[PDB]
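Residue numbers (the deposited numbering): 1 to 61.
Written as structure tokens, this is what we have:
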């Protein structure tokens, strides 16, 4: 399962190139709200899983 299967370009300010890193690692906007505005379903899940790996610097809710 690739999260890019439920990526949401329609609203998302990030491209499919620079979505994964961006919502999981770029602390200047990564976190739960990031995933919820670039991914849905199991993609959302996978994004959250990376963003909140075991610390990170993102903002999960």
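A virtual CB, placed ideally from N, CA and C, is assigned to each residue, including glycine.
Below 8 Å CB to CB, which residues in the same chain sit around residue 60 once its five sequence neighbours on both sides are set aside?
-> Hits under 8 Å: 31, 32, 48, 51, 52.
- request: Consult DSSP for residue 5 and reduce its assignment to one of helix, strand or coil.
  value: Collapsing the DSSP output to three states places residue 5 in a helix.
Q) Going straight from the alpha carbon of residue 28 to that of residue 7, what length do you get? A) Rounded to the nearest angstrom, the two C-alpha atoms are 20 Å apart.
Original post:
Mind checking residue 2: buried by the 16 CB within 10 Å criterion, or exposed?
Top reply: Exposed is the call here.
Problem set entry | Chain-order list of residues whose beta-carbon lies under 6 Å from that of residue 41 (same chain, five-residue window excluded) | Only 6 meet the Cβ criterion.
- Query: Taking the C-alpha atoms as reference points, what is the distance between residue 26 and residue 45?
  - Reply: Taking the straight line joining both Cα atoms gives about 18 Å.
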